[PDB]
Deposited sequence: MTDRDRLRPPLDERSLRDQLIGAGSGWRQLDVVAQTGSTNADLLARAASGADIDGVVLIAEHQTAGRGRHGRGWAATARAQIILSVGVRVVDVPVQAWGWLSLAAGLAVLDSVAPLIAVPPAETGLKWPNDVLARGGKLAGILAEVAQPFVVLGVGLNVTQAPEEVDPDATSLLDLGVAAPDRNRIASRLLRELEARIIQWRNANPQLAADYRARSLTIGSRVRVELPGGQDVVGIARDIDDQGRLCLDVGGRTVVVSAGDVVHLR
């Protein structure tokens, strides 16, 4: 499997009117997110910045990237939709090239892209104002998880995949920034979770079981529990 071509990616995605201002690829690092936070922490403006790592402390079998966004100009109660928008971007960028029926793949709230029941990719948002750092990990050539390879992509072009992924990610971030109602609708159309019976595990061995009915303006899960609405903030759920 070839390495990423840093130069080609830059020619493609930067700049004008692209929202990506910078992009770097590094052979190795611990976290893409930490590296980016370190940079902001130290006074860097990381909005629009992409960091890709060939390996995170096997190498080059996943696409791992992180992006930075300035969120401060957006209402704090909509930040929660940013990590959701990111998964949609991953599913969208990867669906066209996939053997399975689109219906078998979907979004699992709040962090996961699933194909045929197995985790294709994960999303990690960490906030650090004025920024949020979105981290993506997609299994290209890798518990019970899955990869584009297992999914029929015979030879995946990480360069092409990363490139498409950044393009959708840019599209969704824009929609999120614009309070676009389509982002939420697109997210619902592809949710595995909505319409599903789910259990939410809560600290202390507590759990709630209900039917996921919607996602609220803040990105939280709405459960129908016997006709009462219970809303939960981002956390982990199990389908049933």
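Stretches of the deposited sequence lacking C-alpha coordinates, numbered from 1: 1-7, 65-76, 162-167, 266.
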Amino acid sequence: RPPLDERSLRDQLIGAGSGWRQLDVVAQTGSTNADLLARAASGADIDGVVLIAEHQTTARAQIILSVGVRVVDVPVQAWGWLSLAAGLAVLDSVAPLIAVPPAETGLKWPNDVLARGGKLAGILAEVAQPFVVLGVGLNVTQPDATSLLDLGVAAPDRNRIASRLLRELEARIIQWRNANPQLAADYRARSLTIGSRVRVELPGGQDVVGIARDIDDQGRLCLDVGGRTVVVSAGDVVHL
From here on, numbers count along this sequence of modelled residues.
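For the two forms, the rigid core is made up of the largest set of C-alpha atoms that agree within 1.5 Å on superposition.
Comparing 168-176 with 196-204 by root mean square Cα distance to the shown form in 4 other deposited structures of this protein, with the rigid core used for the fit, gives 196-204 as the more displaced stretch. Averaged as a root mean square over residues and superposed structures in 4 other deposited structures of this protein, CA distances to the shown form are larger in 207-215; the pair compared was 61-69 and 207-215 with a core fit. Two stretches are in play, 60-68 and 184-192, and the higher mean C-alpha B-factor belongs to 60-68. Looking at mean Cα B-factors across 154-162 and 85-93, the upper value is held by 154-162. Out of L114, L169, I123, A103, it is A103 whose C-alpha atom has the highest B-factor in the PDB entry. When the C-alpha B-factors of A78, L107, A145, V136 are read from the PDB record, the largest value belongs to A145.
Sort the chain's modelled residues by C-alpha temperature factor and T229 lands in the lowest third, per the entry. Sort the modelled residues of the chain by CA B factor and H55 lands in the highest third. When the modelled residues of the chain are ordered by C-alpha B-factor, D214 sits in the lowest third. Sort the modelled residues of the chain by CA B factor and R197 lands in the lowest third. When the CA B factors of the chain's modelled residues are split into thirds, the value for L36 lands in the highest one.
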